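Only one chain comes next, encoded as structure tokens, the form deposited without adenosine monophosphate.
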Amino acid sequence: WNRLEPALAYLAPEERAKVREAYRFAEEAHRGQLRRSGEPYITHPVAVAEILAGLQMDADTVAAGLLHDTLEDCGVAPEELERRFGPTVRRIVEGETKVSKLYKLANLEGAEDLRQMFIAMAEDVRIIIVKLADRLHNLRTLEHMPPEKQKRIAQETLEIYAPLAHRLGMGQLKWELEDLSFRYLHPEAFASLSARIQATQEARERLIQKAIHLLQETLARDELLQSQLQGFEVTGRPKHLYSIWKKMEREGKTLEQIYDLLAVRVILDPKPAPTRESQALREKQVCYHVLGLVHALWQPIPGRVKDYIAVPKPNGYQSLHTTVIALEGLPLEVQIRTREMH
């Protein structure tokens, strides 16, 4: 509990009390039970609640994360969970993923039934996230599984869960799900690619960190930018090992051909705006402002500005790109985007 409690800071005291009541209930239902690792079962729903609390999930969602296995793993409490934690917690813990039927919106344009549509959908999204948080944690703790069972769940994850994560637009979940699945599915391919990156990545890492520090300090020191900004993040390339190995087979490319240009990402969280439009305006103003700061810092390579804010990819991808001449006279790609954008 002392590990979970700090992550629940974003919730109102009464919302946190519901989560403690849920933890203390799971603590009872899972009393005596053990995982594959000799660890007590309660550690699993806690870790799942931690994943959800890190994502700043709804109070009922975090609570439902502590109770998601009180029906499956140990005991039956369908009317008990409704009696103790409400119907919405009971609904999430019961499984109702239904199916992707967004194409039904397009054909059906035509209230209390359209109001309930939102509350049913948002409840249906919450079900998927808990399943995802659960699966992500299991994969993390997959070292205590026979090497066959390990391969059956990595494939299920790649067929079912990583695509569900994609539907929900949870790229950070999808990334980790794919890469942990890759590790256990083809370990020999994983260890070959991992150690190969740990050769180029260490040499690159010195420059990437110099660049990171230079961009982070340049942005924090700009007065006007920080005024319309809540915060920012300057990272190196993300390194999606499954989507990197996936591309090597498709494109018939070497890994040396992928890392053929040092890259840096700038994720900007702007200050909140009263209306939806004054937010979209703020969201873009900030991005070109960074492009200017970047071009003032490092020399821009002619015709390497890729504006995907103005011309988004068919999947809706927005971001500003520019290849510059940075440290040691090297072509460095910069990608400027907000938290909302991908």
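Only residues modelled in both forms are compared. Only the largest set of C-alpha atoms that superpose within 1.5 Å between the two forms is called the rigid core. All residue numbers refer to positions in the sequence shown, first residue = 1.
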item: Between neighbours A111 and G110, residues that the deposited sequence lists but the model omits; value: 4 to 9
item: 201-209 set against 111-119, stretch whose average Cα temperature factor tops the other in the entry; value: 111-119
item: Stretch with the greater mean C-alpha B-factor as recorded in the entry, comparing 24-32 against 55-63; value: 24-32
item: Options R221, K131, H144, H137 - largest CA temperature factor per the record; value: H144
item: Options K149, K174, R126, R237 - largest CA temperature factor per the record; value: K149
item: B-factor third for the C-alpha atom of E217 within its chain; value: lowest
item: Assigned third (lowest, middle, highest) for the C-alpha B factor of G169; value: middle
item: Relative C-alpha B-factor of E178, binned into the chain's lowest, middle or highest third; value: middle
item: Chain thirds of CA B-factor: placement of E233; value: lowest
item: Record-listed C-alpha B factor of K253: chain third; value: highest
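Absent from the display: the form solved in complex with adenosine monophosphate. The rest refers to it.
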{"query": "Shown-form site status with respect to adenosine monophosphate as positioned in the deposited bound form after superposition (2.4 Å backbone/C-beta criterion, 3+ atoms)", "finding": "blocked"}
{"query": "In the deposited bound form, segment of 223-231, 240-248, 111-119, 83-91 with a heavy atom within 4.5 Å of adenosine monophosphate", "finding": "240-248"}
{"query": "In the deposited bound form, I128 touching adenosine monophosphate (heavy atom, 4.5 Å)", "finding": "no"}
{"query": "Partner proximity in the deposited bound form: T235 to adenosine monophosphate, non-hydrogen atom cutoff 4.5 Å", "finding": "yes"}
{"query": "Distance check, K151 to adenosine monophosphate in the deposited bound form, heavy atom within 4.5 Å", "finding": "no"}
{"query": "Residue contact check: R265 to adenosine monophosphate in the deposited bound form, 4.5 Å heavy atom", "finding": "yes"}
{"query": "Sequence-ordered residues of 308-342 touching adenosine monophosphate in the deposited bound form, heavy atom within 4.5 Å", "finding": "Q335"}
{"query": "Core-fitted Cα difference of 2 Å or more between this form and the one not shown, single residue among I244, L136, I208, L185", "finding": "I208"}
{"query": "Rigid core superposed: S37 CA moves 2 Å or more between this form and the one not shown", "finding": "no"}
{"query": "Core-aligned CA displacement of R265 at least 2 Å between this form and the one not shown", "finding": "yes"}
{"query": "Core-superposed C-alpha of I153 shifting 2 Å or more between this form and the one not shown", "finding": "no"}
{"query": "Outcome for the Cα pair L241, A203 in the deposited bound form, compared with this form (closer or farther; change of 3 Å or more)", "finding": "closer"}
{"query": "Cα-Cα shift for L168 and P270, closer or farther in the deposited bound form, minimum 3 Å", "finding": "farther"}
{"query": "Residue ranges moving between this form and the one not shown (criterion: at least three consecutive CA positions shifted 2 angstroms or more, core aligned)", "finding": "72-77, 96-104, 111-123, 199-237, 259-342"}
